[PDB]
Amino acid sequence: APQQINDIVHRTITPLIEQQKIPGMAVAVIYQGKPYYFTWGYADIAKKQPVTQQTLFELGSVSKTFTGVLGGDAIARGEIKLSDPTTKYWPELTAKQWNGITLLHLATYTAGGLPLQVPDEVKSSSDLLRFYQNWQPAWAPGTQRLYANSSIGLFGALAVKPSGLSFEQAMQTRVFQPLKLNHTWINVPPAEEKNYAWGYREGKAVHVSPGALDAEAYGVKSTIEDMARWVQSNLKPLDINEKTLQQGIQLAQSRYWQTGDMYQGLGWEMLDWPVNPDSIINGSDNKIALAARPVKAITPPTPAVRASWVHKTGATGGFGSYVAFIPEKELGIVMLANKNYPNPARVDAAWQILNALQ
């Protein structure tokens, strides 16, 4: 790796790991479009299994960027439109409150107060229907942004209906396989479990449990190599051979809503580069990132802006992830850790590295 990258990564990540007591971590820096990998610590403490470039991490909500791109791909194929009402694809929901909620609202958390988590007691398709049927919105659609698994998770489930594929099959055939993400999984195959790191919560090893819409909202596991390639693809979509996938990535980084300094894409979130680091650092705190905030529609949606800070945080019980990149600079970073540690610490480290390398 270039000496500049080694210097800043070891200056930044090494103190972070000790200060946060992170058992194992993998970092990829994309510099001038090429990836450079770094690994620390253990994927399994008890068995002393080290983290490698093959170690699988739970991505948590970084999975939402795959869902956003998969939906974008379906838009580009002419299968769905963001302005379509939810009831076109789930007619059993036909009701006053749901006729005015579109796929855009679901994809961008602007449906009007869909909850952060799907209740743990929702365990069947009938449970899920009844859950959305009896949901009482708090705001009119298109006025408030409330980050929610039950929002974009439903977008992913509905966006694949016209394809006739399951969500996993559509993701595998339309995103993972064309991009050669051969070690990225919604369901880890038996032969790959050996690489599945343990997450650690309060000194206990944990893996994320099955939940309704987990695959769409937080159920992807990946290696640092595949995630570096995911950043490469989102940095340089025009190099992708499949037109609809290139366009899906561009659609996912387009700006549909504005809240303060940030713009909402499909899965991805964007700010104008250069950014005020305090904005994204403090803005990643859950007291802020999970709060309801008013939105302004952007008309037409702004096409993917090159001078952007594009990023997404992710968390499960035992894992914490972060992805950020700057298309104008061909510059990005992936941070995967098997402990869920505060988002502001992730963003601070990521910005220090990318700002030093611009």
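Don't overthink the numbering: it's just position in the shown sequence, from 1. So that the term is clear: the rigid core is the largest set of C-alpha atoms that superpose within 1.5 Å between two forms.
Comparing 290-298 with 58-66 in 9 other deposited structures of this protein, after superposition on the rigid core, the stretch with the greater RMS C-alpha deviation is 290-298.
A fit on the rigid core, followed by a root mean square over CA positions in 9 other deposited structures of this protein, ranks 184-192 against 90-98 and picks 90-98 as the more shifted one. Per the compared records, residue 233 is resolved in all of the other entries whose models span it, so no third of them omit it. Per the records, residue 177 is modelled in every other compared entry, just as the shown structure includes it, so no third of them leave it out. Look at the C-alpha B-factors of 272-280 and of 152-160. On average they run higher in 272-280.
Higher mean CA B-factor, judged across 42-50 and 27-35 from the recorded values: 42-50. The entry assigns its greatest Cα B factor, within the set 233, 99, 184, 253, to 99. Across 265, 119, 142, 237, the entry's maximum B-factor at the CA atom is seen for 119.
Split the chain's modelled residues into thirds by C-alpha temperature factor. Residue 229 is in the lowest one. For residue 258, the recorded CA temperature factor ranks within the middle third of the chain's modelled residues. Placement of the Cα temperature factor of residue 346 within the chain: lowest third of the modelled residues, per the deposited record. Among all modelled residues in this chain, the alpha-carbon of residue 17 has a temperature factor (C-alpha) in the highest third. Sort the modelled residues of the chain by CA B factor and residue 91 lands in the highest third.
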